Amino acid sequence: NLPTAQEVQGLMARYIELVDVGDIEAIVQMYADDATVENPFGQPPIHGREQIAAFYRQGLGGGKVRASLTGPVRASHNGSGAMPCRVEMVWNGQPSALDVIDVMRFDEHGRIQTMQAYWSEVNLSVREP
């Protein structure tokens, strides 16, 4: 069925673990084949697993990116949820920390149907030498 509030907490938390180790295949596996991703939210969406794979491929590939949950996954009873997290990566040649909040909606199959990542430069922190 549609993931319960507790299942969602578990799914969204796993998601972060997978991004953290850059397991693109396992990441794409969590998505629905016609899922849509907005990241950063505000930018035109990307549709389908293929473009979504391509996104995580270039986003987590080449660079050195880590990500961690920085708080509890908030979860509703309609297969949706929202989490706070921190993405570490090189931004403009310098290591930086990015504060993000992802909102996910899941389908009756436990897969991500909608994904929106709220962040921008105001949330970017460059790590000084």
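Throughout, we count residues from 1 along the sequence that is shown.
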| item | value |
| --- | --- |
| Segment of higher mean CA temperature factor, 19-27 or 101-109 | 19-27 |
| Mean temperature factor over C-alpha atoms, higher-scoring stretch between 74-82 and 48-56 | 48-56 |
| Third of the chain, ranked by Cα B-factor, where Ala5 sits | middle |
| Within-chain third of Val90 by Cα B-factor, per the entry | highest |
| Where the record places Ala67 (Cα B-factor, split into thirds across the chain) | middle |
| Cα B factor band for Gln43 (lowest, middle or highest third within the chain) | highest |
